[PDB]
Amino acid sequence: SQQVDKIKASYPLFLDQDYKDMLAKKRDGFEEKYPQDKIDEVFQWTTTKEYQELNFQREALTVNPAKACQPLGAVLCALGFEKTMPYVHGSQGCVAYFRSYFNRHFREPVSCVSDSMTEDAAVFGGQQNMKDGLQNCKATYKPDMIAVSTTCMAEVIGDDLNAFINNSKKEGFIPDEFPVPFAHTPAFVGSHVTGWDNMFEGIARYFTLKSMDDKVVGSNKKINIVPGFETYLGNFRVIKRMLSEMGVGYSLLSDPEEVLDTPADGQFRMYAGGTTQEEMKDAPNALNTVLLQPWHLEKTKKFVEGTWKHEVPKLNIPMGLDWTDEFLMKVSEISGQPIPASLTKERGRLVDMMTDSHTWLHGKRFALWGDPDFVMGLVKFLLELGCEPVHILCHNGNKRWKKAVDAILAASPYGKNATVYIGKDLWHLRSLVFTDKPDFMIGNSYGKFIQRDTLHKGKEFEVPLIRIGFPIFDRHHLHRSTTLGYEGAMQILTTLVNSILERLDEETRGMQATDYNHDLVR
């Protein structure tokens, strides 16, 4: 039933007595449910060390992954270029999912197309899809550029992306001068971030490999900045803001912050901002190229060093206090520009915030997951704050990275109870947070089911989630935040300190039970 002055949605409508009894009758009549004492028993078992051993013995089953497939990153890389359309050679279902996955994180239109390969294309490949693809997309959505990646069907049947595109130009479906950079992006290798790297290196070479005789390192007095797979719009904006404040000439290669943030003003803008094809042609004339997320930009690096001849500096992601510092000093050297007063003050304001909040941050234990550059940033800054990163899980991480993180962990007292897991997923993480309970998790929305399971064991066992990362689907507008730079650090610090205080407020709200400690001043 409903009272029209207070309509109830599914929660709490289905808690009304009549619904609760129906569901009881449904279950007892026809579901053949396992008894509740057997369910509680199996649940208790799934929180135990014995279950964790079996769990970590898995080799063929993956449960709750913390990664996506390569072409999701190829899309986001190409969305970063001016009036370019992401185009994914293969089956159309993948594009429907890429679009959706990004619509719900950014809450924004995300344009991508497919050439709708099907059963028949399996037999003789997708050449005709591509010819008609490019012509149709070009005529209909009017891009200056179309950037091509592949779904797993395309990869497996062995389509030649280079040959099909050329033939589409030879057969006159698209103008020859029309740019169609491309990359192979197979879902069964690496992850969404790899697809970013592969697509980036695709577009760098398209605009550059054949034109190098003309180029002179440093002649354009700018610094190239390659950001990688990046889902926070404040991360593009902080980088641009700090370089401008120091007066460094920079080209940010792959810049989606305009297209993922258009204004609602009566009209739908398919394309906006982005790296010009021209900044790409002239990128080899820069002083150097800085890779903001080196641990998923290996292929790009080999190209900018091999072909552009840049001496790419060994910089970590500029997260937290030390790595931001080192990034600015490296930029200062390359460019000849001093670090200005405004950034020196902002550093000192971050350090001040660290001094004001250290007593609530000290010894707080964290389980955390994500992509490898972002997770090692978090590890580094958490250590700088005096927090203990206990569980560090990177599903798409590798041995070489894990060694770097373990080196970082050993250079600090706060990393000594910490362990790094590569190749493990969120069902492994579930066990770790039951058997070796941290105080919080830091991660993406999928961690809400781990929080829920831990509460089911008890309120004393609950591990509250702090949403940082990708994707974030159950809160609005966090995609606008920042995690890099002194600003990003100020944001992460504020968010952790207040998660801690909010949790403490909740545990001490009980009147005449725990409220002796419900302090007005914390």
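Start at 1 and count along the sequence shown; that's the residue number.
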Using the B-factors recorded in the PDB entry, average over the C-alpha atoms of 274-282 and of 71-79, then report which stretch comes out higher.
274-282
Comparing 429-437 with 130-138, which has the greater mean CA B-factor as deposited?
130-138
Peak C-alpha temperature factor (PDB record), options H192, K448, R269, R104:
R269
Of the residues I146, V379, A183, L253, the one whose Cα carries the largest B-factor in the deposited record is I146
Quick tally, chain-level thirds of C-alpha B-factors: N398 sits in the middle
Chain-relative C-alpha B factor for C152 (record values, thirds): the highest
Among all modelled residues of this chain, ranked by Cα B factor, put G93 in the bottom, middle or top third, i.e. lowest, middle or highest.
highest
If you rank every modelled residue in this chain by C-alpha B factor, which third holds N316: lowest, middle or highest?
middle
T454: which third of its chain by C-alpha temperature factor?
lowest
